[PDB]
Amino acid sequence: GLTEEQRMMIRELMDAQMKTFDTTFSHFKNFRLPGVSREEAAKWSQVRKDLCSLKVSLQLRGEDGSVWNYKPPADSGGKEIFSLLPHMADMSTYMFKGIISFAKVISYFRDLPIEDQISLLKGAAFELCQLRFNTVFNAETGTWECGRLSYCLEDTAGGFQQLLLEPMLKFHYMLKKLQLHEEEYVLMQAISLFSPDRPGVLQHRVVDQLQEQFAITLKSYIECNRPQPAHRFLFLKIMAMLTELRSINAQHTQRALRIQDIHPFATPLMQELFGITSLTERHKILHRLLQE
Amino acid sequence: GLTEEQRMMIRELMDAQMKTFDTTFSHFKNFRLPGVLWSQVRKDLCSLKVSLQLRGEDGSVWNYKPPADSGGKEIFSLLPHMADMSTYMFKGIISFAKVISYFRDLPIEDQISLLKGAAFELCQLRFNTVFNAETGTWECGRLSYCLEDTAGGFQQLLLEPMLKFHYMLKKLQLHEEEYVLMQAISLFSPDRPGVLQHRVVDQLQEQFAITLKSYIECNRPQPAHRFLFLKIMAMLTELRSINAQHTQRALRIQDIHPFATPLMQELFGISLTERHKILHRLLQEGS
Ligand SMILES: CCC[C@H](CC)Oc1ccc(C(C)(C)C)cc1NC(=O)c1nnn(-c2cc(C)c(OC)cc2OC)c1C
Ligand SMILES: CCC[C@H](CC)Oc1ccc(C(C)(C)C)cc1NC(=O)c1nnn(-c2cc(C)c(OC)cc2OC)c1C
């Protein structure tokens with residue numbers, strides 16, 4: 001029931017996803033692991049609050065059948081709270097490079113000016129990484145299954161209710177419950193990627209028209225491939241989830257900047273995304289990875 | 001009821017133990033770990049199957065579960081690590097003997113022969129003092145070694161003689177003084193290979209055993225501790241037998257998969273000073 005142009009748009013996105021999403025995480029290697037004033041004190045108090053909501057354990061399953069498991073330390077008012085940040089910095093950097101490659105395969109992104117390509121990727125990096133993370137999230141176990149690596153949420157005294165307080169966790173549980181198709185995920189990525197209101201975008205009207213066509217394709221896909229009355233508001237549910245993900249991005253980017261200020265963890269590519277010291281001069285690694 | 005010489009002998013051994021047993025294992029570092037990624041041999045290597053817990057100062061916990069047996073080299077996953085732990089324990093044993101006055105006055109080659117013969121036994125006796133029998137775990141400070149479940153429960157595990165020894169010795173509820181006297185009796189064994197001053201070592205061994213018997217009579221009056229001295233002596237005789245069996249196991253495993261540290265190879269080798277140059281150096285050094 002889709003136009004052929006809509007069918008070709010989905011084929012290009014799905015082809016982009018197939019070439020750039022390492023679903024098994026087999027090529028994620030050489031990552032770090034946790035080892036075997038008053039205004040400054042107010043900074044450390046906010047950071048401790050940020051790191052407490054997303055507590056996870058790390059399981060690494062070996063080829064031989066052995067299992068290494070890392071339980072995080074409880075907070076003792078020290079730097080133990082940053083134990084898993086180097087590993088997560090390597091994981092985030094590995095995910096974003098796949099995101100950069102994803103966008104480059106899309107023709108509409110390639111035809112944009114390089115400065116708008118940077119602004120869009122800078123604005124949607126966290127969101128496309130979270131959207132890809134949702135497809136490997138097991139809601140029954142609260143575990144992100146990244147091939148041999150596993151990230152299991154820790155049982156905070158309170159259960160599901162206390163975890164749902166955190167907007168990041170509620171997002172992953174709510175998005176998983178919609179049981180989306182691969183095509184719907186990749187259309188969510190395109191809609192998030194081609195956001196006209198990202199800071200620094202200049203071709204606003206072109207990006208807005210592209211986003212509209214991606215959203216119309218998603219709306220039309222749901223009408224054609226889902227039972228019509230039950231999924232009558234599925235598109236609007238997806239759009240509300242994307243709007244909430246944009247809010248979570250701003251909050252967590254602010255969290256990341258505060259942590260980076262007192263404890264530097266970000267990789268050089270992450271520093272470009274966060275704004276740490278012209279768009280091309282400010283983001284020289286991203287420019288190179290887009291010019292390849 | 002102990003003689004003044006017996007009281008001083010217990011005091012020197014207890015002082016020796018305090019100075020040379022790192023119960024916290026705080027100075028055990030730079031050890032190999034399992035990497036991130038035959039009938040009776042494998043049957044025992046499976047009975048002695050343990051998980052490794054590493055607790056960091058911050059409160060974090062690294063846990064290693066061993067691979068299940070599919071033949072292959074998975075059975076040897078923790079052996080390199082266990083060789084480093086054993087070598088660290090034996091270095092503490094060397095220091096324990098060096099501070100004892102009766103040992104340092106022996107010829108250096110008999111010091112080598114005695115340490116070579118009692119190395120496994122003295123390490124097992126120290127390991128028993130950190131063994132939690134209800135949890136089946138050797139609690140070595142930040143490191144923990146927890147036995148893995150197997151088919152037959154306690155009955156199948158008790159088949160392994162080393163595991164049976166640890167459970168039986170823990171049941172006797174021994175005091176530190178009794179452990180350190182068991183160590184002395186094992187250390188000053190006249191019948192160890194290569195010993196020349198047999199008579200002097202035999203006289204030393206007898207006086208350690210007499211002190212242990214006298215200590216038990218003076219401090220252990222309950223019906224629970226009846227025949228306790230003779231039970232301990234029988235346990236030492238059983239441990240000497242287990243030493244021979246497990247030393248042969250180690251030589252067979254070393255032949256097919258090398259795991260031994262350089263100091264362990266000197267112990268396993270069958271002049272004495274030239275044969276054991278590392279042990280010779282550690283004995284010549286000070287405390
Ligand atoms: C494998 C899934 C893990 C789960 C999944 C939700 O996550 C964690 C789970 C636990 C932890 C703890 C470290 C334990 C607190 C962190 C995280 N998670 C991050 O450390 C993260 N997740 N995304 N990002 C990130 C990535 C990019 C490109 C970016 O560019 C603007 C900005 C980013 O943060 C603002 C980042 C930096
Ligand atoms: C804290 C552990 C206590 C448990 C209880 C026994 O042990 C294990 C439990 C499990 C495992 C597995 C690796 C899992 C099979 C091994 C071991 N144990 C050793 O790997 C060992 N234990 N002692 N020794 C040793 C030490 C010396 C000086 C020596 O000198 C001649 C010869 C030795 O072996 C013949 C050695 C080499």
Side-chain angles (χ1 to χ4, degrees), chain A residues 25 50-54 56-58 72 81-89 91-93 95-97 99 121-130 133-134 136-137 144-146 149-151 153-154 168-169 171-172 248-249 251-257 259 265-266 269-270 272-274, chain B residues 45-46 48-52 66 76-83 85-87 89-91 93 115-124 127-128 130-131 138 140 143-145 147-148 160 162-163 165-166 242-243 245-251 253 259-261 263-264 266-268:
Chain A
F25 290 75
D50 307 334
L51 296 174
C52 86
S53 45
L54 290 166
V56 295
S57 54
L58 185 147
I81 51 180
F82 311 112
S83 56
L84 269 171
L85 281 187
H87 177 74
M88 289 305 192
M91 167 68 83
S92 295
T93 307
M95 291 292 288
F96 181 53
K97 287 158 136 290
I99 296 303
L121 275 169
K122 188 195 200 309
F126 169 90
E127 308 176 12
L128 279 44
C129 183
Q130 296 312 316
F133 274 145
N134 192 252
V136 304
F137 179 64
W144 287 273
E145 307 181 355
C146 306
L149 290 147
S150 294
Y151 307 88
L153 288 159
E154 290 252 283
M168 185 86 267
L169 296 181
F171 176 87
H172 278 282
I248 297 171
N249 191 351
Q251 172 184 303
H252 279 77
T253 292
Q254 289 167 7
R255 289 187 191 180
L257 285 165
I259 299 165
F265 71 101
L269 186 54
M270 286 168 66
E272 294 188 357
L273 296 172
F274 292 157
Chain B
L45 287 204
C46 159
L48 292 161
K49 201 178 181 184
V50 281
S51 53
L52 184 147
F76 307 145
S77 55
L78 267 171
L79 279 187
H81 176 75
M82 289 305 195
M85 167 75 308
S86 295
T87 308
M89 286 289 286
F90 182 54
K91 288 160 137 291
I93 295 302
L115 275 168
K116 185 198 198 65
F120 171 88
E121 310 176 14
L122 288 170
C123 290
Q124 293 311 317
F127 274 150
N128 194 251
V130 303
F131 180 64
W138 288 274
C140 306
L143 295 86
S144 295
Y145 308 88
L147 289 161
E148 297 273 288
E160 171 65 33
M162 187 81 264
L163 292 181
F165 178 91
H166 278 282
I242 296 171
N243 191 350
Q245 172 183 165
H246 281 221
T247 291
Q248 280 175 4
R249 289 185 193 179
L251 283 162
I253 298 166
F259 67 97
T261 68
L263 187 54
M264 286 169 67
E266 295 188 357
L267 295 172
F268 292 157

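Atoms within each ligand, like the ligands themselves, are counted from 1 in listed order. In the text below, chain A, chain B and the rest are named by the order of the sequence lines, each starting its count at 1. Both backbone and side-chain heavy atoms feed into the values below; hydrogens, waters and symmetry mates do not.
- For ligand 2 and B:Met162, the ligand atoms under 4.0 Å from any heavy atom of the residue are 6 (C).
- The distance criterion of under 3.5 Å between nitrogen or oxygen atoms is not met by B:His246 with respect to ligand 2.
- When each atom of ligand 1 is checked for a heavy atom of A:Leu273 under 4.0 Å away, the hits are 30 (O).
- Closest approach of A:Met270 to A:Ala89, counting heavy atoms only: SD-O, 3.5 Å.
- With a 4.5 Å cut-off on side-chain heavy atoms, A:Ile248 and A:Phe126 count as touching.
- The line from SG of B:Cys140 to CE of B:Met85 is 6.0 Å long, rounded to the nearest 0.5 Å.
- In this structure, B:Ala83 has no heavy atom closer than 4.0 Å to ligand 2.
- Here the shortest heavy-atom pairing between A:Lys122 and A:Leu273 reads NZ-O, 2.6 Å.
- Rounding to the nearest 0.5 Å places CG of A:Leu54 at 9.0 Å from CE of A:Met88.
- For ligand 1 and A:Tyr151, the ligand atoms under 4.0 Å from any heavy atom of the residue are 1 (C).
- Near A:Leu54, with a cut-off below 4.0 Å to any heavy atom, the atoms of ligand 1 are 10 (C), 11 (C), 12 (C), 14 (C), 15 (C).
- Atom OG of A:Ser92 sits about 11.0 Å away from atom CD1 of A:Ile99, to the nearest 0.5 Å.
- At a 4.0 Å heavy-atom cut-off, ligand 2 touches B:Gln124 through the side chain alone.
- To the nearest 0.5 Å, the span separating CZ on B:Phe131 from CD on B:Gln124 amounts to 11.0 Å.
- Close approach of ligand 2 to B:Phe268 (heavy-atom distance below 4.0 Å) involves ligand atoms 31 (C), 32 (C).
- In this structure, of B:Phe120, B:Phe259, B:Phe127, the residue bringing a heavy atom nearest to atom 35 (C) of ligand 2 is B:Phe120.
- If you number the atoms of ligand 2 from 1 as listed, the ones under 4.0 Å from a heavy atom of B:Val50 come out as 10 (C), 14 (C).
- When B:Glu121, B:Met82, B:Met85, B:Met89 are ranked by how near their heavy atoms come to atom 17 (C) of ligand 2, first place goes to B:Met82.
- Listed by atom number, the atoms of ligand 2 under 4.0 Å from B:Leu79 heavy atoms are 13 (C).
- Between A:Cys129 and A:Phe96 the shortest side-chain heavy-atom distance does not fall below 4.5 Å.
- Comparing A:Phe96, A:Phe171, A:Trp144, A:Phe25 against atom 4 (C) of ligand 1, the shortest heavy-atom distance belongs to A:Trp144.
- Residue contacts with ligand 1 do not include A:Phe137, since none of its heavy atoms lies under 4.0 Å from the ligand.
- One distance of note links CG of A:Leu153 with CH2 of A:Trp144; it measures 4.0 Å at 0.5 Å rounding.
- Close contacts of ligand 2 with B:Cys123, meaning ligand atoms under 4.0 Å from a residue heavy atom, involve 28 (C).
- Atom numbering of ligand 1 starts at 1 in the shown order; those under 4.0 Å from a heavy atom of A:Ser92 are 21 (C), 23 (N), 24 (N), 25 (C), 26 (C), 36 (C), 37 (C).
- For the atom pair A:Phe25 CZ and A:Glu145 CD, the distance stands at 11.0 Å (nearest 0.5 Å).
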